[PDB]
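**Student:** Those sequence lines, one after another, are chains K, L, I and J.
Letter by letter, the first sequence follows residues 1 to 224 in the entry's author numbering.
Letter by letter, the second sequence follows residues 1 to 224 in the entry's author numbering.
Letter by letter, the third sequence follows residues 3 to 252 in the entry's author numbering.
Letter by letter, the fourth sequence follows residues 3 to 252 in the entry's author numbering.
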Amino acid sequence: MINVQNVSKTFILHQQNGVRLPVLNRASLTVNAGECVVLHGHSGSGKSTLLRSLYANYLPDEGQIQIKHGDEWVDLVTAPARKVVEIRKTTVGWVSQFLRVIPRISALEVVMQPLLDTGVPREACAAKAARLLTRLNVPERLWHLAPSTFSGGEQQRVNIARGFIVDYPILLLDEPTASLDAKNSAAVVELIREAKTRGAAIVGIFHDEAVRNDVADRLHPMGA
Amino acid sequence: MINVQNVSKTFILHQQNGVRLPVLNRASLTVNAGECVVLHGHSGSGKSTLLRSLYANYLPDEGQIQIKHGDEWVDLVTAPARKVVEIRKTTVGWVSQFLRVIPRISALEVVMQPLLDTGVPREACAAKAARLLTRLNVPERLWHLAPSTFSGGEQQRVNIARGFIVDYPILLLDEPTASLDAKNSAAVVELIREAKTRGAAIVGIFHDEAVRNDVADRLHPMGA
Amino acid sequence: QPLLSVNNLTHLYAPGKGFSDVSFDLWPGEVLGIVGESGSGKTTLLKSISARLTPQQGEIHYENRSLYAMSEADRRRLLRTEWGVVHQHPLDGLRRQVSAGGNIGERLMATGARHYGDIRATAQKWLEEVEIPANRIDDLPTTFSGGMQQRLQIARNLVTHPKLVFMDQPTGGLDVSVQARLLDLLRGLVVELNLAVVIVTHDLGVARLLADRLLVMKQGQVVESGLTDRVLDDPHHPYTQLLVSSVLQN
Amino acid sequence: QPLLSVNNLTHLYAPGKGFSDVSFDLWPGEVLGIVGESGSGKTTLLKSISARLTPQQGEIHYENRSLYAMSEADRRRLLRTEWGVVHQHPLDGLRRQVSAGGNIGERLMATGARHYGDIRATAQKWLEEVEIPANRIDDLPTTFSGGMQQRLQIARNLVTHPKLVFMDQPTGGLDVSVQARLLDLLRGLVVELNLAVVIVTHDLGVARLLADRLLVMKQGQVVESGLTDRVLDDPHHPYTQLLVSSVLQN
Ligand SMILES: Nc1ncnc2c1ncn2[C@@H]1O[C@H](COP(=O)(O)OP(=O)(O)NP(=O)(O)O)[C@@H](O)[C@H]1O
Ligand SMILES: Nc1ncnc2c1ncn2[C@@H]1O[C@H](COP(=O)(O)OP(=O)(O)NP(=O)(O)O)[C@@H](O)[C@H]1O
Ligand SMILES: [Mg+2]
Ligand SMILES: [Mg+2]
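1) Between the Cα of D23 (chain I) and those of I:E39, I:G60, I:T46, spot the shortest distance and give me the residue it belongs to.
2) Using the three-state DSSP reduction, which class does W128 (chain I) fall into: helix, strand or coil?
3) Could you name the residues of the stretch 147 to 168 of chain I whose beta carbon sits closer than 7 Å to any beta carbon of chain J, in the order they occur along the chain?
4) Is the CB-CB distance between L219 (chain L) and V95 (chain L) below 8 Å?
5) Please list, in chain order, all residues of the same chain as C125 (chain L) whose beta carbon is under 6 Å from its beta carbon, the five residues on each side excluded.
6) Which residues, taken in chain order from the stretch 146 to 161 of chain K, show a beta carbon closer than 8 Å to some beta carbon of chain J?
7) Taking the runs of the alpha helix (DSSP H) that are 4 residues or longer, which of them lie wholly in the stretch 131 to 200 of chain I?
8) Express the C-alpha separation of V203 (chain L) and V77 (chain L) in angstroms, rounding to a whole number.
9) Closer than 7 Å: is that where the CB of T45 (chain I) sits relative to any heavy atom of ligand 6?
10) Note down, in chain order, each residue of its chain lying with its Cβ closer than 6 Å to the Cβ of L29 (chain L), except the 5 sequence neighbours on either side.
11) Please name the residue or residues paired with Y64 (chain J) in a DSSP beta bridge.
12) Using beta carbons (cut-off 8 Å, strictly below), is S73 (chain J) in contact with chain K?
13) On the three-state DSSP scale, how would you describe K19 (chain J)?
14) Could you work out which residue in I:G38, I:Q58, I:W29 is closest to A16 (chain I) when comparing CA atoms only?
15) Please decide whether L211 (chain J) counts as near chain I, where near means a Cβ-Cβ distance under 8 Å.
16) Where does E32 (chain I) fall in DSSP's three states?
17) Do you know offhand how far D231 (chain J)'s Cα is from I2 (chain K)'s?
18) If you measure between the beta carbons of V200 (chain I) and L80 (chain I), is that distance less than 8 Å?
19) Quick check: the Cα distance between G114 (chain I) and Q126 (chain I), rounded to an integer number of angstroms?
20) If the cut is a Cβ gap below 9 Å, which residues of chain K does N17 (chain L) touch?
21) Can you name, in chain order, every residue of its own chain whose Cβ lies under 8 Å from the Cβ of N137 (chain K), other than the five neighbours on each side?
22) Name the residues in the stretch 223 to 242 of chain I whose C-beta lies less than 7 Å from a C-beta of chain J; which are they?
23) Taking only beta carbons into account, state which residues of the stretch 87 to 106 of chain I come closer than 9 Å to chain J, listed in chain order.
24) Please report the residue range of the beta strand (DSSP E) in which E84 (chain J) lies.
25) Apart from the five residues just before and just after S106 (chain K), which ones in its own chain have a Cβ nearer than 8 Å to its Cβ?
26) Checking 8 Å against the spacing of the C-beta atoms, do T46 (chain I) and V202 (chain I) come in under that value?
27) Put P169 (chain L) into one of helix, strand or coil per three-state DSSP.
28) Going along chain L, which residues have a C-beta under 7 Å from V193 (chain J)?
29) Measuring straight from C-alpha to C-alpha, what distance separates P172 (chain I) and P121 (chain K)?
30) Is there at least one non-hydrogen atom of ligand 2 closer than 7 Å to the beta-carbon of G38 (chain J)?
31) Note the first and the last residue of the continuous alpha helix (DSSP H) segment covering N213 (chain L).
32) Shorter than 8 Å from the beta carbon of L133 (chain L) to some beta carbon of chain K?
33) Counting only Cβ pairs nearer than 9 Å, list the residues of chain K close to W29 (chain I).
34) Measuring straight from C-alpha to C-alpha, what distance separates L6 (chain I) and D76 (chain I)?
35) Is there a Cβ from chain I that is less than 8 Å from the Cβ of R52 (chain L)?
36) Check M222 (chain K) in the structure and name its three-state DSSP category.
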């Protein structure tokens, strides 16, 4: 359950004459359990800005982004950093185009880690990571090697597996399937649909038409 | 004048069980002054590998990439590192999607530097850099600020200006116009055509159909 | 409740030299990175919060106990058993005339260890953890290289499984491979053992991969603070924007 | 003809400690970065080629003159006038009891400077070059921070406009902003003044932006060498591939 009310963000670039670059103006968005909302708009409409504000990666200047944490409601715009850290650890999951990981950790442990942080047993985490990698057709030979030594597509299948290792009540998807071929894309679509079925509030940004049509349950116009 | 004979390259990935990944097999390519050759092939055919071998960024295992330097002929596959460094400084220019620069140097000096390295007066270098930036419609306000503080498109217009600051007899173009809009793309096309007219041997990799048709004078099939 | 609390802490050698009006809370199982300009007072603040520099103003509370209101014996006990300190220069946190094994084992014996074989085995295990060969245990740190000495200091200050570790540029002098090893080790300690780390670093990549929260210091004042990725990707204070724009992209 | 030539140079404290069979040529106006594992012998090689460590085998020729066949007076003259040495720890290359102005001016006076005002002005100019405030010229290096001391050492070893500079991790202890300033300064010196630099670094980004050629050292032997970007993007030796795979991506 996501509740965005009057969130507005303008970047102040002090490095260049302190010019103001508005990217969000009184935006709002409501998301419910078992629903997928995809942000649609011309490039530069604030899609990325809003999505990462939902993940607290950006800080809107004004407004509220209230997300249910546990059985609570938390305004990420004013919550303490510890609150946001826990909300990410348990409540708000993120999938994107980039595997920011420690370089020398094997792929299986890169996928297991976010679940092991929650205290889940290591056997269950390993089994779920193996399952996710197999579904995303990641070769077994690459499970025990660092992602940095793989190709871009394999690194991204690993990042998607790491994103889906934990069953987050809220989920964010910044073009997960973009580069993937049709088979791997379809696998990610099936994973997203399963997340929706279990009751995951999914917010996504998709460029592919077929992926959006198959996944999106509602469209939010970010043009304004 | 470029002369590629029997160049073959296979990557050995010791980090992953030492698997071999062939990407070039007995490839050859002849380029003459005042000609543009574009590499065409399915993704993974060795286009990038060959282009960067032409720039000495990769080292083919076997074969020859003989380029005219001064009034000489130099096999980049066996030349000393100093030879390659000078060949890049004066003979073989490179344009790509990425501005690897020192962070805190203004855009005008990022564009001027490759020409100032050749001993050209600072007034001439500044004038030519200003001309190139104006042609690529880079705002005047951004000339005197570091590229890292700009957007991706402006950073790439600056990288293209830096690439074209020196009139290289050989030129390499790894998708310069890819992200650019139609106006800025057309400007880069005009610059490439002018380089061809002066007698520049251009080797390019292009994804856009219109750009390739307008620029390409010959097509090299990299599928094999 | 915070493992460490700092309120209005200030120490100035002279106007503008040091830190002033610094407050922050650190909990178990999280990392508070400190980044800033060379000369912003990061090291002075680290010394002050690590019981090595009495502040002129403000208070420091560790487990609800004022740090500098305690007896000197109690502070030394903290620094001897449950506090780790990693200096920027490894030799400052090492005994030059004592072997690496002795340097690691001093802390263990200070915590009650009295079995020579077990201390030796633990020292060798920690040397292998930081990838230092176990055959260098008897060699004095003067024979070690800068990175080797830094890793030896890290092992010395981590062998006791401390609850709070203050580090000043621990990655300095380390090749990227052993650097990644150290980052993984620190992450594992923080998550599994609930370790708390206050790390001063200039490599913003290490702060991104390790620090859970960040402080950005300039001319002796904290100019920006908050979530690490928010600060790095959504900086607000001019200095922070300069700082992240100066990063060398790989 | 090479400014510096190294042929079969070897210095070993013990089997595997040091460097062995090292040869390379350095010309004016280029940078030879050295990267490798902590413990590969980079510092030992730097000392040996900088006239600070007599080798057991091989020869070093500077302007066609064997380095260690010359008299000790000539080597000291080289290190005093036209050779710069930047140590990993700045205080090792600084006079603790001498102010920053004095530290910078020692080299200038060693080159014949005998005007106090001009020496002071040059020292202040170089302090501003490394962004150190000119009001800290009279302060002893002990009052400087690690980055401040490192920049002071760099200015001290660059004030004389030397022809060859051996640096050991000059970027260590430097925030990314002053690091970029230093990189630009070194590039400008190398290109305009034809300066030659042998730099040992672990930040592969700095080697990418600065080094024209690279050496990759492991267990005391050079394992891979060639063009910097070719080595980084097209590594061949297993160690190099590990090393560049361990880089923290920003
Ligand atoms: N013992 C001292 N006596 C007088 N002034 C000092 C002393 N130590 C530091 N100063 C100053 O105090 C300021 C901050 O010191 P310090 O905390 O060590 O800086 P820093 O931020 O850690 N720099 P760096 O190590 O490069 O990241 C600097 O201007 C120092 O020059
Ligand atoms: N004085 C010494 N006596 C005996 N052995 C030494 C001595 N100095 C170095 N060794 C060893 O010589 C090897 C290489 O030394 P050194 O050249 O300083 O390494 P390095 O590559 O510079 N490491 P780092 O500073 O981390 O990048 C190391 O195993 C050192 O432990
Ligand atoms: Mg410091
Ligand atoms: Mg060293």
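Even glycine gets a Cβ: it sits at the ideal position worked out from N, Cα and C.
**Tutor:** Quick look at the numbers:
1) Taking the third sequence and counting its residues from 1, one reaches residue 23 (chain I) at position 21. Nearest to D23 (chain I) by alpha-carbon distance, out of I:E39, I:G60, I:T46, is I:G60.
2) As a position in the third sequence, residue 128 (chain I) is number 126, starting the count at 1. Reduced to three states, the DSSP call for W128 (chain I) is helix.
3) If the cut-off is 7 Å between Cβ atoms, the stretch 147 to 168 of chain I has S147, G148, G149, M150 near chain J.
4) Locating residue 219 (chain L) in the second sequence gives position 219, counting from the first residue. Locating residue 95 (chain L) in the second sequence gives position 95, counting from the first residue. Not a contact, by the Cβ cut-off of 8 Å.
5) Taking the first residue of the second sequence as position 1, residue 125 (chain L) is located at position 125. Within the same chain, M112, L115, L116 come within 6 Å of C125 (chain L) by CB-CB distance, once the 5 residues on both sides are set aside.
6) Hits within the stretch, in order: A146, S148, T149.
7) Correct list: 148 to 160, 178 to 195.
8) The residue given as residue 77 (chain L) occupies position 77 in the second sequence. The residue given as residue 203 (chain L) occupies position 203 in the second sequence. A straight line joining the alpha-carbon of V77 (chain L) with that of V203 (chain L) spans about 18 Å.
9) Ligands present in the displayed structure are limited to ligand 1, ligand 2, ligand 3 and ligand 4, and ligand 6 is not among them.
10) Within the second sequence, numbered from 1, the residue matching residue 29 (chain L) stands at position 29. Scanning its chain for C-beta atoms nearer than 6 Å, with the 5 sequence neighbours on each side dropped, one finds around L29 (chain L) the residues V4, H220, in chain order.
11) Counting from 1 along the fourth sequence, the entry for residue 64 (chain J) is found at position 62. In the DSSP output, where bridge partners are listed per residue, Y64 (chain J) has J:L6, J:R67.
12) Looking up residue 73 (chain J) in the fourth sequence gives position 71. Closer than 8 Å: no.
13) Sequence index remark: in the fourth sequence, residue 19 (chain J) carries index 17 (1-based). Reduced to three states, the DSSP call for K19 (chain J) is strand.
14) If you number the third sequence from 1, residue 16 (chain I) lands on position 14. Nearest option by C-alpha distance: I:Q58.
15) Taking the first residue of the fourth sequence as position 1, residue 211 (chain J) is located at position 209. It does; some Cβ of chain I falls within 8 Å.
16) To locate residue 32 (chain I), count along the third sequence from 1; it is residue 30. Note: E32 (chain I) maps to coil in three-state DSSP.
17) Stepping through the fourth sequence from its first residue, residue 231 (chain J) is reached at position 229. Stepping through the first sequence from its first residue, residue 2 (chain K) is reached at position 2. The straight-line gap from Cα to Cα measures roughly 47 Å.
18) Start at 1 with the first residue of the third sequence, and residue 200 (chain I) comes out as number 198. Start at 1 with the first residue of the third sequence, and residue 80 (chain I) comes out as number 78. The Cβ atoms of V200 (chain I) and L80 (chain I) lie no closer than 8 Å to each other.
19) For the purposes of this step, residue 114 (chain I) is identified with residue 112 of the third sequence, where counting begins at 1. For the purposes of this step, residue 126 (chain I) is identified with residue 124 of the third sequence, where counting begins at 1. It is roughly 19 Å from the alpha-carbon of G114 (chain I) to the alpha-carbon of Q126 (chain I).
20) By 1-based counting over the second sequence, the position of residue 17 (chain L) is 17. Per Cβ cutoff of 9 Å: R141, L145.
21) The sequence position of residue 137 (chain K) within the first sequence is 137, counting from 1. For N137 (chain K), the CB contacts under 8 Å within the same chain, skipping 5 residues up- and downstream, are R157, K183, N184, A187 in chain order.
22) Residues passing the 7 Å Cβ filter: none.
23) Contacts with chain J (Cβ-Cβ distance below 9 Å) from the stretch 87 to 106 of chain I involve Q90, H91, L93, listed in chain order.
24) Numbered from 1 along the fourth sequence, position 82 holds the residue referred to as residue 84 (chain J). From DSSP, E84 (chain J) is part of no beta strand (DSSP E); its letter is neither H nor E.
25) Walking along the first sequence from the start, residue 106 (chain K) turns up at place 106. Only residues of its own chain outside the window of five on either side were considered, and among them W143, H144, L145, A146 have a CB closer than 8 Å to the CB of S106 (chain K), listed in chain order.
26) On the third sequence, position 44 is the one that residue 46 (chain I) refers to. On the third sequence, position 200 is the one that residue 202 (chain I) refers to. Not a contact, by the Cβ cut-off of 8 Å.
27) Position 169 of the second sequence, counted from the first residue, corresponds to residue 169 (chain L). The three-state secondary structure of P169 (chain L), taken from DSSP, is coil.
28) As a working note, residue 193 (chain J) is residue 191 in the fourth sequence. Those are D117, listed as they occur along chain L.
29) Translated into positions along the third sequence, residue 172 (chain I) becomes position 170. Translated into positions along the first sequence, residue 121 (chain K) becomes position 121. Whole-angstrom Cα-Cα distance: 32 Å.
30) As a working mapping, residue 38 (chain J) is identified with position 36 in the fourth sequence. In this structure, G38 (chain J) has its beta carbon less than 7 Å from a heavy atom of ligand 2.
31) Reading the second sequence from its first residue, position 213 is the one you call residue 213 (chain L). In the DSSP assignment, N213 (chain L) falls within the unbroken alpha helix (DSSP H) covering 209 to 215.
32) Walking along the second sequence from the start, residue 133 (chain L) turns up at place 133. No - not a single Cβ of chain K is within 8 Å of the one on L133 (chain L).
33) As a working note, residue 29 (chain I) is residue 27 in the third sequence. In chain order: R82.
34) As a position in the third sequence, residue 6 (chain I) is number 4, starting the count at 1. As a position in the third sequence, residue 76 (chain I) is number 74, starting the count at 1. If you take the alpha carbons of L6 (chain I) and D76 (chain I), they lie about 16 Å apart.
35) To locate residue 52 (chain L), count along the second sequence from 1; it is residue 52. So, not an interface residue.
36) Working through the first sequence from its first residue, we reach residue 222 (chain K) at position 222. Annotated three-state conformation of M222 (chain K) is coil, per DSSP.
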